[PDB]
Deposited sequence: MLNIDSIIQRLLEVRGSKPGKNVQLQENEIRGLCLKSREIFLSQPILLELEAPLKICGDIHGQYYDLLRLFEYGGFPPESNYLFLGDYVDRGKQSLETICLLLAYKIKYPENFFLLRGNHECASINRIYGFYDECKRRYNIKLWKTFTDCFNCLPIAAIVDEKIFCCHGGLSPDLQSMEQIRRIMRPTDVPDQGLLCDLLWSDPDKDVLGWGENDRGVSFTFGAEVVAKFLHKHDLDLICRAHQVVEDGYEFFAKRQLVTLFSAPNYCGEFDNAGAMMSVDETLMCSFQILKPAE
């Protein structure tokens, strides 16, 4: 019964208008159950090739996601990797994650989604996604999303040179095989490797590792970044998880970039959202979405 093409058409109809799209509950449940199968059939550490486009946090800003595809090209015109945090804070987490899961189902080798720290029941129960599910559908539907999120991949490597994850590095990360050995479904624990990949931050005033101001995980300095790239023969860390004025921001002499794709985040910031294009030779460039004032 699941009509993916129809679902996508309905979701995309609203372009040019914060109007809602009201799918059937059994349609949304279907998106979760089919996408969960695909997530589990693919590696937890994704190995990807350029060219592709990479986006950071969306946080339910559905019309801003549409604007990203409008300028980047709708799938499969371009390959996409998203770095997590699809839900919470914004007004339309449901439309947002539904469109992303529909595209994952339609183009599973051209379209990729990583886990953010908000794709976690203990977080998105509180920061809006649960409230949105309960209001528009019911609790059962929220529990179905949780079951799906628990199977999302955690990291990706593009052409063996760009390591991507939502949060950042971990003092525990010595071998990529460690990520590969993480079994799914899993919740995000309160500490340890998986926690750090979704929660850690770079910090220019830290030498080595430090306690993170969020109260979760760690901060890491520029030389941690350098040693990591050299040890694993990588060129770049690409991550999200922090709002940044221009939508992208370099760290440690461009050995790390932060991407953030929710313009005017929450309405509480004046930030642009950005997307990073990686062309076939790994030349990276940025497109910026900027709310009028």
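In sequence order, which parts of the deposited sequence are missing C-alpha coordinates?
Sequence range with no C-alpha atoms is 18 to 19 alone.
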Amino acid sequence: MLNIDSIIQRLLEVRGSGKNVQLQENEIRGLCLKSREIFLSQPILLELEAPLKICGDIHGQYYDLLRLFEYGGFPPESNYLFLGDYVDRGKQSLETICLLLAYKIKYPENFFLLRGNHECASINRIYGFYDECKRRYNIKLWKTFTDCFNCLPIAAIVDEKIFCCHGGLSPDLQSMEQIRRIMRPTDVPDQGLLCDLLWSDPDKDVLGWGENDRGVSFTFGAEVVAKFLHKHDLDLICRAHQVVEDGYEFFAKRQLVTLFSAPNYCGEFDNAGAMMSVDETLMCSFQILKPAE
From here on, numbers count along this sequence of modelled residues.
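Quick one: say whether 175 to 183 or 117 to 125 has the higher mean Cα B-factor in the deposited entry.
Higher mean C-alpha B-factor: 175 to 183.
Should the higher mean CA B-factor in the entry be assigned to 96 to 104 or to 74 to 82?
Of 74 to 82 and 96 to 104, the stretch with the higher C-alpha B-factor average is 74 to 82.
Tell me, please, which of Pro43, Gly30, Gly247, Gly60 has the highest C-alpha B factor according to the deposited entry?
That would be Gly247.
Quick one: classify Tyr265 as lowest, middle or highest third of the chain based on its Cα B-factor.
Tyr265: CA B-factor falls in the highest third of its chain.
Within this chain, which third does the Cα B-factor at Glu211 fall in: lowest, middle or highest?
As the PDB entry reports it, the C-alpha B-factor of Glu211 lands in the middle third of its chain.
Pull the Cα B-factor of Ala252 out of the PDB entry and bin it into the chain's lowest, middle or highest third.
Highest third - that is where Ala252 ends up once the chain's C-alpha B-factors are sorted.
Splitting the chain's C-alpha B-factors into thirds, which one does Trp142 fall into?
Within its chain, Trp142 is a lowest-third residue by C-alpha B-factor, going by the deposited values.
Which third, lowest, middle or highest, does the CA B-factor of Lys91 fall in along this chain?
Its C-alpha B-factor, which the entry lists for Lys91, ranks in the highest third among residues of this chain.
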